[PDB]
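What follows is one structure encoded as structure tokens, with my remarks underneath.
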Amino acid sequence: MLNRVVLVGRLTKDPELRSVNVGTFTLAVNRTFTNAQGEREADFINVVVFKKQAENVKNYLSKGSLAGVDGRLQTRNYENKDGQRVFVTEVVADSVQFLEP
Amino acid sequence: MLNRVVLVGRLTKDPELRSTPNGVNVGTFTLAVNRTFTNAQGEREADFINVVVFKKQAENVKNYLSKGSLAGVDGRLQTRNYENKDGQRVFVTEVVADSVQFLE
Amino acid sequence: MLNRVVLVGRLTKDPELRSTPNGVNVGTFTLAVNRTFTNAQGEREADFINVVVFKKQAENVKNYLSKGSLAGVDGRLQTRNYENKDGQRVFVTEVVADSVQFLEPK
Amino acid sequence: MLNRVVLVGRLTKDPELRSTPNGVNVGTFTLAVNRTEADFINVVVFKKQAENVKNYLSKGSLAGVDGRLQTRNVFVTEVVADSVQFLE
Numbered sequence: 001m002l003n004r005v006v007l008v009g010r011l012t013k014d015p016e017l018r019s020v021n022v023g024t025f026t027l028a029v030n031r032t033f034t035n036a037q038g039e040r041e042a043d044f045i046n047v048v049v050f051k052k053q054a055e056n057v058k059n060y061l062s063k064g065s066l067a068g069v070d071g072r073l074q075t076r077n078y079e080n081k082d083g084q085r086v087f088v089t090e091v092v093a094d095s096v097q098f099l100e101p
Numbered sequence: 001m002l003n004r005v006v007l008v009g010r011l012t013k014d015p016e017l018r019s020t021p022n023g024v025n026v027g028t029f030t031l032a033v034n035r036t037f038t039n040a041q042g043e044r045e046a047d048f049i050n051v052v053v054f055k056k057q058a059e060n061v062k063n064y065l066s067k068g069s070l071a072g073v074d075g076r077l078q079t080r081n082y083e084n085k086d087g088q089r090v091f092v093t094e095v096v097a098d099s100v101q102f103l104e
Numbered sequence: 001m002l003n004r005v006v007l008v009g010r011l012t013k014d015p016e017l018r019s020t021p022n023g024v025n026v027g028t029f030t031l032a033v034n035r036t037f038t039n040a041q042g043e044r045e046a047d048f049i050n051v052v053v054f055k056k057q058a059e060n061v062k063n064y065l066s067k068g069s070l071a072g073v074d075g076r077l078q079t080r081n082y083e084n085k086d087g088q089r090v091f092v093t094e095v096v097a098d099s100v101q102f103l104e105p106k
Numbered sequence: 001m002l003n004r005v006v007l008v009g010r011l012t013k014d015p016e017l018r019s020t021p022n023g024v025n026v027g028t029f030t031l032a033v034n035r036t037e038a039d040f041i042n043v044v045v046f047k048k049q050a051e052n053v054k055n056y057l058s059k060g061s062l063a064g065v066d067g068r069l070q071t072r073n074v075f076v077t078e079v080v081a082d083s084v085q086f087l088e
């Protein structure tokens, strides 16, 4: 079934590599509208990359970089230290685009 | 900034409709999108995505969609975070649908 | 740069298979995807989008899909331009599909 | 049925102004999207958003587009945009 996600945003932090081996960062995607006082909210979207795509993100992207992301939405579920269940939704990037020279 | 999500899937359960303290309709359902590839043993697994609609979009999805209905969703990916009963910080990301298309 | 198209529609005709100078099979069909809004005349028009598939995916669409089959298409949008006898130009726009989903039974 | 197109590229010229028979304003530009050789995709915007694009974007500017795909006739298919997002 069809599953497609496209985002442009800026990384909140420097990307992490993680593992089997996965590259990870979170993208702040400003909304296109504001309230009457110009306050603009954002969404903080976790993205995961693999292989050379994971390598490209590690060598090009840093805190604050504007990036383009194209992928699938995948959901998983785990339990943590305190004994709580966490519901995870993320973008698994099929192609990431560095939008800055 | 660009924010676009398009999915096709089937509802896992029947949709729920509600009215905020302010009296606008909010519709909720979860969409199961089978993957296009297979896992290490040849299984095709699914993803279970929470979708949100408002206003007439929420009404029409409530009266027309039921458990198992094939639907296409066009919208944006939005993130929230709250502190629920047990006392947890819970991070929710969900699809806010600009248009739901009844495919059956 | 990002280039992304997601469509659902019904095939206008039955799909075509062909095999290039090299051997690879190329699948061809065009999709009628009705608009979500209405015209000044109160009913619903569609847009007719050419789709291109390759390799085994193109085989399946030839073996499974027919005129009227509802299908979903995911891919990238391509533009090229070439000619013919009247050596003047044909402007083609199409979607080359990364994945097709057959939304009806067969 | 679903019809969504999302691109990022650069305008080949400055966007143009124009209006329909019924006086509605239209802004056009063609978008040079890069493969990863380019694709050259015409984009249409409407009403006030045409005033937006004409002020914000010029030849070479990096814009993202989000919208529907539409056919017209001389066959022509364009991207009717729901929002152009000025990135540079």
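Chains as they are written, first to last, in my numbering: chain A, 1 to 101; chain B, 1 to 104; chain C, 1 to 106; chain D, 1 to 88.
All residues carry an ideal CB built from backbone N, CA and C; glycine is no exception.
Please look up how many angstroms separate the CB atoms of residue i and residue j, rounded, as I've assumed it's under 8 Å.
{"i": "A/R18", "j": "A/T24", "result": "5 Å"}
{"i": "D/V6", "j": "A/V6", "result": "4 Å"}
{"i": "A/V91", "j": "A/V69", "result": "6 Å"}
{"i": "B/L103", "j": "B/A58", "result": "Not a contact, Cβ separation roughly 18 Å."}
{"i": "B/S66", "j": "B/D14", "result": "6 Å"}
Taking C-beta pairs closer than 7 Å, name the residues in chain B that residue i reaches, listed in chain order.
{"i": "A/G9", "result": "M1"}
Between the options, which lies nearest to residue i when the distance is taken from Cα to Cα?
{"i": "C/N50", "options": "D/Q70, D/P21, D/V24 and D/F86", "result": "D/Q70"}
{"i": "C/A46", "options": "C/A40, C/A58, C/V52 and C/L31", "result": "C/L31"}
{"i": "B/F48", "options": "B/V100, B/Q57, B/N63 and B/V8", "result": "B/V8"}
{"i": "D/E16", "options": "D/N22, D/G23 and D/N55", "result": "D/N55"}
{"i": "B/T93", "options": "B/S99, B/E83 and B/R76", "result": "B/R76"}
{"i": "B/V52", "options": "B/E43, B/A40, B/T36 and B/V26", "result": "B/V26"}
Can you pull the chain C residues whose beta carbon is under 9 Å from the beta carbon of residue i, in chain order?
{"i": "A/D70", "result": "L2, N3 and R4"}
How big is the Cα-Cα spacing for residue i and residue j?
{"i": "A/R4", "j": "C/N81", "result": "29 Å"}
{"i": "A/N30", "j": "B/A97", "result": "17 Å"}
{"i": "A/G64", "j": "C/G87", "result": "51 Å"}
{"i": "D/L2", "j": "A/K81", "result": "42 Å"}
{"i": "A/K52", "j": "C/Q101", "result": "28 Å"}
{"i": "D/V24", "j": "C/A40", "result": "14 Å"}
{"i": "D/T36", "j": "D/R10", "result": "15 Å"}
{"i": "B/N22", "j": "B/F54", "result": "13 Å"}
{"i": "B/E83", "j": "D/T20", "result": "52 Å"}
{"i": "B/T38", "j": "C/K106", "result": "22 Å"}
{"i": "A/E39", "j": "B/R44", "result": "43 Å"}
Whose Cβ in chain A lies nearer than 8 Å to the Cβ of residue i?
{"i": "C/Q101", "result": "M1 and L2"}
In chain B, what lies closer than 8 Å to residue i by C-beta?
{"i": "A/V29", "result": "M1, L2, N3 and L77"}
So which residues on chain D does residue i lean against when the C-beta distance must stay under 8 Å?
{"i": "A/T32", "result": "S83 and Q85"}
Against residue i, what residues of chain B qualify as contacts under a CB-to-CB distance less than 9 Å, listed in chain order?
{"i": "A/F44", "result": "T79, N81, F91 and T93"}
Please list, in chain order, the chain A residues whose beta carbon lies closer than 7 Å to that of residue i.
{"i": "residue 105 of chain B", "result": "Since the first and last residues shown for chain B are 1 and 104, residue 105 of chain B lies out of range."}
List, in chain order, every chain C residue whose beta-carbon is nearer than 8 Å to that of residue i.
{"i": "B/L70", "result": "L103"}
Is the Cβ of residue i closer than 9 Å to any Cβ of chain G?
{"i": "C/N39", "result": "No chain G appears in the structure shown, which is made up of the protein chains A, B, C and D."}
* Tell me the start and end of each unbroken alpha helix (DSSP H) in the region 48–85 of chain A that is at least 4 residues and wholly inside, in chain order. => 51–60
* Minimum length 3: unbroken beta strand (DSSP E) runs contained in the region 5–46 of chain C -> 16–19 and 25–34
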